[PDB]
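Chain order of the listed sequences is A, B, C and D.
With the working numbering applied, the first sequence corresponds to residues 765 to 878, in that order.
With the working numbering applied, the second sequence corresponds to residues 5 to 67, in that order.
With the working numbering applied, the third sequence corresponds to residues 351 to 951, in that order.
With the working numbering applied, the fourth sequence corresponds to residues 84 to 197, in that order.
We put the beta carbon where it would ideally sit given N, CA and C, even for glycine.
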Amino acid sequence: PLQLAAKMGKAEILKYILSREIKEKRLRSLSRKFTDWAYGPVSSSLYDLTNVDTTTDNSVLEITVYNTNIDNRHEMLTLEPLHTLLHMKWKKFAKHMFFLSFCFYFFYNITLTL
Amino acid sequence: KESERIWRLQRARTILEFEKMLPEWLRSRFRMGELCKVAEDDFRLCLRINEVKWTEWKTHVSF
Amino acid sequence: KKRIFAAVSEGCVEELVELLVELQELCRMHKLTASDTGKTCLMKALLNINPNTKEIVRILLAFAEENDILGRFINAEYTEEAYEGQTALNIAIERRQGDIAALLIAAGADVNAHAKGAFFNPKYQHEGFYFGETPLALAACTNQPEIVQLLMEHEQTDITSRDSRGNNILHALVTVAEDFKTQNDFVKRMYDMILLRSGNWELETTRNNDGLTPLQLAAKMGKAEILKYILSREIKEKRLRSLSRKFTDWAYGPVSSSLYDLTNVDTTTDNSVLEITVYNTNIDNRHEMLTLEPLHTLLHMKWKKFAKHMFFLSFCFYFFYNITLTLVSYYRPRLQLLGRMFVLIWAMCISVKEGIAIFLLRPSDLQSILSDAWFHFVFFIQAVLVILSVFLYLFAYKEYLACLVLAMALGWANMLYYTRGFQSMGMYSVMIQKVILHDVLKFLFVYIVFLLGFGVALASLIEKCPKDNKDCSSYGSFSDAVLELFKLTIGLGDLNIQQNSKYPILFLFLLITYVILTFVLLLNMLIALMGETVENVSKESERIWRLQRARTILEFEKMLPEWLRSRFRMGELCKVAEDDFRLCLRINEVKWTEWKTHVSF
Amino acid sequence: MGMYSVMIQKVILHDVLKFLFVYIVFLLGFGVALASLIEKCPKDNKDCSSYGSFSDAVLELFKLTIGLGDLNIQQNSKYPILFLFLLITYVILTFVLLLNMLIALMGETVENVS
Ligand SMILES: C=C[C@](C)(O)CCC=C(C)C
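Shown next, in the form of structure tokens:
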């Protein structure tokens, strides 16, 4: 149902499931977000990436990034567990490699011109 | 006001494409380790997030 | 040890009443804390306020006072590299719990406990939470009126206490405000309540470690509503009349005579509020803050008394210098040496005047090269061009003509800086400086990419002419092809066919593709970009022009010498009745709309 | 047609005049620079230079402002690179900046005027 809500385009259901916090001890296992500590305006949320990170098959991030044809894939991509995942993925890698690809293509194009 | 969505989605698709380009041995850049809070085999693989909401806190504390 | 922690984590009262019966029997110093970060069970009970919170902390403090340790570890220290300064009272006040905080205060806690830490003193706003690092300022920051009344109505509450940053309570209240009013602001009313309840003037005279009062701090940080409240703070009570800045001398229907205070507002002291609010454009909120009455009338009357005749004098001097620079080159031999020396004297004067300015500026104002920093560069370049061209003129060189021609071509285009006097042309000039750096640069980069890509393709498509006279090909090099493509980009011609190219169809196809990409795509979407930009700019450029004129007024004020700065404001009040140290300003302002609305109901 | 006529009388006095003043400033500044850049012709027949006076340079700059021509190079100028650079700068400032923001100004004016 998580991947189905991401693929079909239901933004509010995906937002609710990805940030589902239950404070009851009996139903704590049915949760994905845990607040480690809260201090005024700051908060330490422990989000769950069981099927969200693109390490499994047909992950939620890959599903929500490769289905542009429904057009609702930015208000859905701006959700916290996806937005911070893409941002930190872009910080750790996929940015030095993007500049490396640009440098290789620039050298190839200038040596094709010369 | 709409092209910002398309540029952000294009950059996200570029990030995912570069992620898929990496080999299996180089994909050791995974997320935070186990919770240990599940207390049943600790099969979870979570992510630490320290997010700030100054506007939401100001509105909540105002009332 | 962990049993008590598990008891306080989820509020297991029965577990703790069993533990306080079992533990002390084995006891007959007690390391009840976590022994690694200093987190005692008091905090661990108080981060998560479970429904059973009163009795558990009550019996815990009863066990503490039974062992004669209640007065020892009540001010427990969260000794960790991030916090390093937390106590039980701080967490109790934060968690919106006043009863427990009242019980802790009655039992005896550290009222003035500095919570000095790296997380508590963030480098930026988003890095952490800053609340003044004191329980009193924390109670005032997190909208807790009952708790801050309890904290202030105490004996050893150090109200005039400054934390590691040197911030007072009012500095902390300023730093936690908002640039725009949310219509439900509590920091302003808590500032008001704290000011009236305690402190006369030393509470607001205390300076930050940066050297700022709460007034200057509110002006620098960008808090417009707090600055508006302080600059127009009127108290009608005789006991608290001294804590006021605006006094209404007389009111007559819609007109009013407000006696505003300029103790630290006029730019006669060091780091004044007017200079602070006019030299910090990078926060962008410096026109709705500059439009406040004690600043707006100050800038207007400063512009009336001076800084307007001097602006016209500067324009006249630059106009005469530019016209006598033009007439020297145009009337040059292929009697009038006074002009030929006036250019040298004025170029040297403006060169050193721009050199000291180029050395005294900060790198912060160079962002987006909009905050009156580009014009200094162009003025300095023109000045150095004139003197260097004169230097090569005296040395009997040859390159003096090129430098002097560029100098006078730059000088006539530099007269657009002096158009700030008029509002209608000021809008046009600020639009010039905005669109050249926002939309024209991107189009220029894209078109340059499309130029040097098609330029080398057409240049490499055609070989040399059979006669080798370089006339039958019209594209014999890269520079020639670049110029010939740009000429047809303008629309002048030279797009005909049969240019000795071995592939006339491909050459024609590339020319048509370049024509489409430039004339139909880039030259048209440039229209799109500014067209969308101006609809947002036409109501925003007024702020930039007014701020530029205000910065010009302040710069001309700083230019005046000490003896000529006798144009100060109105004299002493004599109403303070204590040494009459005030230096106020008479203001007769009219509010017909406000009076009509007030009298209508 | 009354709407068209009142729009004529409004925009000529509101937007066209400011653009005309700015462009005239940019014309007589570049006009004397290019006129002073080139000396007299060696044959002294006033045909190899094409910029022999201020009025000639003003007319020849305005002609290429319209888009008629006469922007070619090697006009007997002692500094052909500087002359070309000044011509390109004038072309940018007129065709790309002033002629385009004039479009911006009436474009914003008419939405309030109509
Ligand atoms: C307004 C400042 C400008 C646009 O850089 C003028 C440039 C003119 C030259 C270099 C001759």
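How is the alpha helix (DSSP H) around residue i delimited, first residue to last?
i	result
C/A569	564-571
C/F836	828-840
C/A490	485-491
D/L111	100-120
C/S891	891-909
B/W29	Premise fails: B/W29 is in no alpha helix (DSSP H) and is neither H nor E.
C/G482	Neither: C/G482 is in no alpha helix (DSSP H) and is coded neither H nor E.
Can you find a CB in chain A that lies within less than 7 Å of the CB of residue i?
i	result
B/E28	no
B/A43	no
B/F67	no
C/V363	no
B/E38	no
B/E6	no
B/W58	yes
C/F859	no
B/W61	yes
Does any C-beta atom of chain C lie closer than 7 Å to the C-beta of residue i?
i	result
A/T877	yes
A/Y803	yes
A/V806	yes
D/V196	no
D/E143	no
D/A116	yes
D/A140	no
D/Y134	no
D/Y106	no
Using only the heavy atoms of ligand 1, determine whether one of them is closer than 6 Å to the beta carbon of residue i.
i	result
C/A759	yes
D/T172	yes
C/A763	yes
In terms of residues, what are the limits of the beta strand (DSSP E) holding residue i?
i	result
C/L935	934-940
C/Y602	596-602
C/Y747	From DSSP, C/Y747 is part of no beta strand (DSSP E); its letter is neither H nor E.
C/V605	605-611
Verify whether the separation of the beta carbon atoms of residue i and residue j is less than 7 Å.
i	j	result
A/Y811	B/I53	yes
C/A442	C/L454	yes
C/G388	C/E427	yes
C/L370	C/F413	yes
C/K578	C/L642	yes
C/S701	C/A752	no
C/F828	C/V799	no
C/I847	C/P854	yes
C/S606	C/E890	no
C/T839	C/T883	no
B/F22	A/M861	yes
C/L567	C/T510	no
A/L813	B/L51	yes
C/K394	C/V358	yes
C/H464	C/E483	yes
A/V829	B/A16	yes
C/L593	C/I580	no
A/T799	A/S809	yes
C/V785	D/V179	no
C/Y797	C/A809	no
C/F857	C/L811	yes
Using beta carbons (cut-off 7 Å, strictly below), is residue i in contact with chain B?
i	result
A/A775	no
C/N534	yes
C/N493	yes
A/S823	no
C/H788	no
A/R837	yes
C/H521	no
Measure from the C-beta of residue i to each C-beta in chain D and report whether the shortest distance is under 7 Å.
i	result
C/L842	yes
C/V755	yes
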